[PDB]
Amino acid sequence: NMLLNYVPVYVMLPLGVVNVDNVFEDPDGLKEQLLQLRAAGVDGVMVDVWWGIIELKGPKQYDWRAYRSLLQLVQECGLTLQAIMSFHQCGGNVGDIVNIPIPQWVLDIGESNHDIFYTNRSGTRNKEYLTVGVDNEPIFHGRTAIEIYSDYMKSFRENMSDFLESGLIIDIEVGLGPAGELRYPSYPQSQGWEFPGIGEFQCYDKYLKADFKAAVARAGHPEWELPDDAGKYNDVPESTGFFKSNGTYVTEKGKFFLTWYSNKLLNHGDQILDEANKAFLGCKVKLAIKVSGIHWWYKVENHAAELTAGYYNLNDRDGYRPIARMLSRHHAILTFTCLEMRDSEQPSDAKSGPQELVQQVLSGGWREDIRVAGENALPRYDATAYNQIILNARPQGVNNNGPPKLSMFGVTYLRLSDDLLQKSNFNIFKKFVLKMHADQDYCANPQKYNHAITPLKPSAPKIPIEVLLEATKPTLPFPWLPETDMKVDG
């Protein structure tokens, strides 16, 4: 039956649906838009549950009232919800049209201890997310950063228990860094970065610096220092001593650093996921994380942009499968945030390979037997973008005699706006939804298309770092069709 080829479609709600003052501004306005989505066959919506709004007043001073009103409306409109535990700031990244800082009281601590923020070689502090360096430092009025994230998720679970029990919430996306993605803020627009700059390493806060220095000493090279020849945000790889042919990235020093740098992210995600699993244990929901799609410089040996962001991915070293393997113990979903792009849409001097990157990441996930979901990186309303998303959703087309051998768990579209609801654009969107559903009408019961949600079980045992890193072995990706068999057309 065709329904087994059905891939659910979700739509991101506007940023700021509940403002910085914790007020659900326009319920009536949202309602009409939501009803539009319901009529279009959309399965659900995604929303940021901003930490900076909810725990603003002070430690454990949560106010969930506005969000309870929003969830109630979503439920009345017959839509499911993907909730993001957004522990980051909204404002400094592409598309951020509203400013939502992290809790003021945390910012207050940062005034006396500037090292709680990611820091570049020049010493500029980025305030959008707390550095992984303080994950386990009890410097926030007695709590560590992870305990804060943990308490937040537990409070959410208890205060939204009725919505969880009624099955409104489908999955919990755990924010792990800038824009909620598990990565370092290596390409900050707020600091002058412009595509396709290689970006900069963000490991200079005193906590990470000390950890690194202790690490190199134990490795027998106490004299090794953090990179000093990697250039600046907008540089090109060949102009740096670190990324050029036979450069530092290829030396023992460079390899040790890149391994250390990338491992920090793996442990950061693993530890916070442990807390997320405890907070939602028993709930009929799934856990997910977001991985950024850094396609620029993907086609040169140095993969500079990926490296500075924390993804130690080279032609002979898979830096994404280790992440997938880590997610397996938590039964979590890997959400890739760049699915609509085509190589030919990128400037030549950027050496972009978004198509190849997508194939590597998704294949890595299916290889490790975890569920993979995705989102488009930039706003798109044209058929070519939708057709590329559909292609990646079912790489080998639909199976007329059962489920496809390969398919994504779901796709979330960025973002709900007046532009999307314009007659012509919305008209194409409807065809996109139909094709994602493999020509089937909207299906209310996920069980029909094998997407039944069972109670979250405790995570499996800890997987040692050496076992995780075995996943760096390069593998050939799964075969991809040149174009989808479920085209939207034009």
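One rule holds for the numbers: they count along the sequence shown, beginning at 1.
When the C-alpha B-factors of 443-451 and 43-51 are averaged, 443-451 comes out higher.
In this crystal structure, the stretch out of 408-416 and 165-173 whose C-alpha atoms carry the higher mean B factor is 165-173. Taking the PDB entry at face value, the top CA B factor among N159, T308, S190, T144 belongs to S190.
The PDB entry assigns the greatest CA B-factor among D270, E275, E375, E111 to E111. For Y261, the recorded CA temperature factor ranks within the lowest third of the chain's modelled residues. Among all modelled residues in this chain, the alpha-carbon of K232 has a temperature factor (C-alpha) in the highest third. Among the modelled residues of its chain, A288 has a C-alpha B-factor that falls in the lowest third according to the deposited record. The entry lists a Cα temperature factor for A219 that places it in the highest third of the chain's modelled residues. Compared with the other modelled residues of the chain, the Cα B-factor recorded for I139 ranks in the middle third.
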